[PDB]
Structures are given as C-alpha cells and as structure tokens.
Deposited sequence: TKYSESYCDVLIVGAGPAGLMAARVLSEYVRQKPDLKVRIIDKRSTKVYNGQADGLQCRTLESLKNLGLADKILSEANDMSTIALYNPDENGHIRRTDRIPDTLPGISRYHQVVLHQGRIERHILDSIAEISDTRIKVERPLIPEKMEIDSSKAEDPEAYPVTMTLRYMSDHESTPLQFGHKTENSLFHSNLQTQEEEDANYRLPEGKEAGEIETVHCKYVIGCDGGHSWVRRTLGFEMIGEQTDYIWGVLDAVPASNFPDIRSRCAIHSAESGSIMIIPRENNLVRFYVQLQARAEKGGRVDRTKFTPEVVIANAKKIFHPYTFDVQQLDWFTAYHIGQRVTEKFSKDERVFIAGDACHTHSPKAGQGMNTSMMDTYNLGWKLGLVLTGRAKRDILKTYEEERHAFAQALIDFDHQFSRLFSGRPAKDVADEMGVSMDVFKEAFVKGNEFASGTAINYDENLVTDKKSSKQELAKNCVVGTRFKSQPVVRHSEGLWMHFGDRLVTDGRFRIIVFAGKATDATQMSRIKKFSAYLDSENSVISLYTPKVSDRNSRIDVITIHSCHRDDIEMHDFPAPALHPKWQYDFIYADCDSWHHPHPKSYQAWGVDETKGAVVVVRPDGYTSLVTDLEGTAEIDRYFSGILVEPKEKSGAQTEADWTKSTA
C-alpha cells in the first residue's frame, strides 16, 4: 500500500550484537560528518526476549573498554573465575579431578565475565544514543525482500550500487513463536529454528497489505542477520559444515543443589547420561548447558531438568526459578566469502555458526563489525581509500575458520561419553579434554589473533625486533604505565580510545641521554615538517592529534625529566596532559617493567603504529619516518586543506 524511496550510506540488516556493534562504531563517523546516513533495521519485536548469549571474552572487553562500555557491563557481570572438571571415578560417580583458570593468568587485564545479553545490548544502545546524538536508532519491524547489486558501480564513490527493498511488517509478523511454553524462552532465536521458518514466520500474510515497501538505495550494506542470514543466502555464499544430532538444552535458573561447585564454571562428564556445562551468572542465576526431527513443542524445561538430574547424580539439582531456556544441536558452519564487491558484507552468525561450549558467538560477531566498522567509517568520511575494505574479509574469514576448527573438536569432546578405562578407545579421554580446554582458553580469549600481512598490516617494512612483544598484526597489548602529568598509575590500553584515529606510539627510551634525546628531537622535527603524516593527514586548523594520535611512553622516572623536556607541541601538546607516560616506579606500585613486557629496548626505544582497532600495524625506530609515510600513504586520503608544517611556538617557553 505505501511505496517509498530513499538513499543511505550504510544499511545494517540485523540489530543483534554484530549489528549493534556496527552501529556503535559507525556512530562516531556520523557525529564527525552529520550528513552521513546510517540505518539499522530488525524484523523482530522486542516483546519476546530476543537474545541467548551471555559471555564476554578478554579482547571483547578490551574493545568495549575502548568504546566506553566495559565499566558499566562489568559492574553487573559475573566473573566465573574457575573451571571445575568433573568425571566419573572407579564406580562411575562424578567427582572433581581438577580445576583450571577460567581466564589464563596474564593474558589480559580483563577476565571473561558473563551477563544477560539484554543488559549488554542496553549498554550498547545507550552509547549509540550518545555518540550519534539519538540520530541512529533501530528501525523495526522491517525486513528486506529484495537485494540488487550493480557490480559496475562498485568503485564509484558517488554511486549507490546496492538497492534494498524493505517491507514494513506488522507487530504479529514480527513476533516469534514460543511453542506453547510459559517461561520466556528463546527457542525461536534458537538454532533449531529453520531458515525457512525464520523467513516464513515474518512473512507478509495472505490478508496482506504490506503497510509500506521502501526502495533503499545504499552505498553499503552489512548483513548481521544471523545463522540463517537472508543477506548471505541471497549473495549465494555457500556455508560448509554439517549438523550432528547431539542435542543439548539450556536452563537459566536460580538453582537449589548440593553440588559443591554450583557457583563455579564446570564441565561435568557423566558415565552414561551426557555432559553438563555450568555457567555461573549474575544475581544468583546459573546457566546450565545440559546434554540430552526434534519436536520443539515437546522440548520442555522438565525434559531438560530430568536429564540434568541424571547427569548430576548423585548430587541434587532443582530449579528455584527458571527465567529462560533453549535447545540446540551441535554443528559448525562457515562461509568462504564475507564480501560481495566490498559493497555488501556479512558479519557474525551470518558467517559462522558453532556450539556455545566456549561462548564465542556474540564475541566473534561483535569483533567482526568492530573490524569492518572503522574501515567503512574512514572510507565513508573520505579519509581512507576503498581498498582497505578488502582487509575485512582477509582478516575475519580466516579467524572464522579457526573458530569453527576449534569448536569442531571441543564440542565433540564435550558431547562424548568419558572413557571408562584406558582401553575404552571410543570414549573421550578426560586428559585430552582438559588439554583441549586449557588450549582452547587461549584461543577463546580472542587475544591471540595474528592478522596476515595486508594493506593495513605492514610486517615487511617492520623491524619486529625493536618491539618483540608487539607483533605486527596482533592486538597492541595494554601494560601499566605512569601518566607523567600527576603520576597516576594506569593501564595504558585505557588511553587507546576507539574513535577512528590511528596511533603512533613513540617509545622514547632513556630520554635523559643526550644521544637519545637527539633522536627524539629529530623524530619530532619530522612530525612538525610540512610533509609528515601529521601535517598531511590532519585537516587545516584541526587538532594535530585528531587523526593520528601521537603518544610518548618513555623509560625515565618522572623525578628525572619533565614533560616540557620533550618537544612541544609535537610530543607535548599545548595545555594537554594525555600524551607523555612513563615506564617507572610509582607511589602504590613497583616499576611495571612495561618496556620489557612490550619487548622494547629501554634505552633506545621504538616507534609502534597502532590501527584504529587497537591492532599493531608497524614497528620501526625513530629514524623509520619513511616507513611511517609509506604505511599511511597506502591507506589515508589527504584532506582538501592540509594542516601543513607545525607553525606554533613552543608553548612551554612562550611568555603570555
């Protein structure tokens, strides 16, 4: 009945974790250039709880911290702390054989935590509201009906190569089934749903007046539409993998059990009834993953509870209150392609589906659009070349394959029967299981990713040895530093606010040394010069740390050198105190030995280039200014009016 037409820079299809992270990242570029139009749609109402996830891993939290979202999430989430392993003994009774750390010591300053997905979303929704000044909001219930891509306009910055036809649904079309169960349940969301049903349930019924069918001309489209992604199926992107018939059930409940480790993360392998994974949650809840075509109507809590009782034998297990529940089969799926012309992208469950044994979904799916987001943002504001969009798929698809590989094995070890004795070859070795879990915990933290050389990751021009624990292509790891301004001891990763800027981390080394200070001054003379990356890439009369943020971490105690002993304003910006940090001893903490943790020489230092994303992309010395120019030349687009050579007088000397 109503036919409409409009244009937009980005269309995000799906407002789950992936889609919302995409919106949150894009919001920053929308605030810098308010003409940009970024829309995000969902086809579901908010009346049926639409979520299922609860775990946030180490690198997700470091990233959320850089988006200003971690402290609010951390004030409510639960740190499970320990993984207690339970398996049958001589007589087949389950007992605790071991305990391993839920997060690996030293891997990150943030530990994995768990929290209701709806609270995670709310926090991301508030941030989007703030960063976009309420301008970007989820539109629902809306659903794409057609997608037409003109591959001949793909490299044209003025074109709108993707035409999306959206249908405005009815409240009833947008409401998912609940299969007759009283308890709020996300068996709709569940992966037992079929993509057929996913499309069939939100379909314009028969007595059918689409309320409105909108023709949206888009520069870019991001498909964050889940497991059965319609965006993926319409691009023709196959998905390799096959679903087992191992079936598990999920209970979010306030338990009433004598199980000694009911409040700890646990793995329970029973002799013959299946496994359980306990995920202790906030506010007295505990999540239970209980091992059990399937008729979802008959899939009740009761069936799941009866099976959990068998697995817990001889400990007791009862539910005091049940908030939600689901079911899922064990299966792994991945696509080979994440992009169609670097115009239509898929992210999140749309690209990779797997079991929840290591709670990786929401994590990986937000990290996908955290990666894509800054690349799209720089492209959209005219700051970076379109070729950086190829790095999305280059970096994230290999990661999804490694994710599916890890889940493939971990889910099967988790779902198999434990070996009775050593001769029982077709049982699961509990020692192999422990080994897989410990090894899986490094991968599952999200902190071990190493991106292969690409347009925004330059290994070839790097002297890696100058910063040995700052491996190009890996996340720039936070380490404690002492802010020079007042002596505040802090995690340096707090300083890397994600807002589209690249960083140049200047490890000034032993700045009191006359020879080292000569190198530092020469580097700052480069920075101040007419054609440095600072002068070239920061728009005329804009702040010189507004595109490329130049931060100095030195090796001296702050009693031995002043901030004004560093070049001003190249390294010591006028009346600004978030630029000079020190690897030294402080009132409440010992010398953190951060240069050493970063693998950098304490006397000579190094220069490390970090992406907007927080991933190290270049490692050189203070003399490697040509490698810095070349790195930025292949990525950034020069503003129409450049800042040019630094013309301000040293503010620390100047009399007023």
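Residues of the deposited sequence lacking C-alpha coordinates, counted from 1, fall in a single stretch, 293 to 300.
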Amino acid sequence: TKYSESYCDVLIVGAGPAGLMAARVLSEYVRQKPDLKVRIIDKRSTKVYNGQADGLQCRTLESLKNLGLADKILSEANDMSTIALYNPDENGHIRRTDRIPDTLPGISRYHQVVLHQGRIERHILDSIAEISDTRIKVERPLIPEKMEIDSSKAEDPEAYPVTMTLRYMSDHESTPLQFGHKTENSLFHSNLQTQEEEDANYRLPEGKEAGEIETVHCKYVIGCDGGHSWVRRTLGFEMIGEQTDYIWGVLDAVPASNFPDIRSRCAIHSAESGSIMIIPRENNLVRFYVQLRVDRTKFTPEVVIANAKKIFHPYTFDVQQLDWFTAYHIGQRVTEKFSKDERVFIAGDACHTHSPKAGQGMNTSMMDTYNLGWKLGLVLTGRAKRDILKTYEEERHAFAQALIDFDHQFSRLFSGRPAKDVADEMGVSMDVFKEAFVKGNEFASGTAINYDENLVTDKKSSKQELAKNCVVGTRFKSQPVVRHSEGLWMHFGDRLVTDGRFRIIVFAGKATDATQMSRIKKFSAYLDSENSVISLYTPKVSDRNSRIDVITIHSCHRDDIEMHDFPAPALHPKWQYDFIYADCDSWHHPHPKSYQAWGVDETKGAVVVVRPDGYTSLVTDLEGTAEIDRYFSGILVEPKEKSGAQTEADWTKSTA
From here on, numbers count along this sequence of modelled residues.
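Here the stretch with the larger average CA B-factor, out of 212 to 220 and 415 to 423, is 415 to 423. Between the stretches 297 to 305 and 356 to 364, it is 297 to 305 that shows the larger average CA temperature factor. Reading the B-factor column for the CA atoms of 75, 546, 409, 498 in the entry, the top value corresponds to 409.
For the set 346, 239, 129, 582, the maximum C-alpha B-factor listed in the entry falls on 239. Residue-level temperature factors show residue 317 in the highest third of its chain, judged at the C-alpha atom.
Residue-level temperature factors show residue 645 in the highest third of its chain, judged at the C-alpha atom. For residue 516, the recorded CA temperature factor ranks within the highest third of the chain's modelled residues. Residue 207: CA B factor lies in the highest third for its chain, per the PDB record.
Ranked within its chain, residue 109 lands in the lowest third, by CA B factor from the PDB record.
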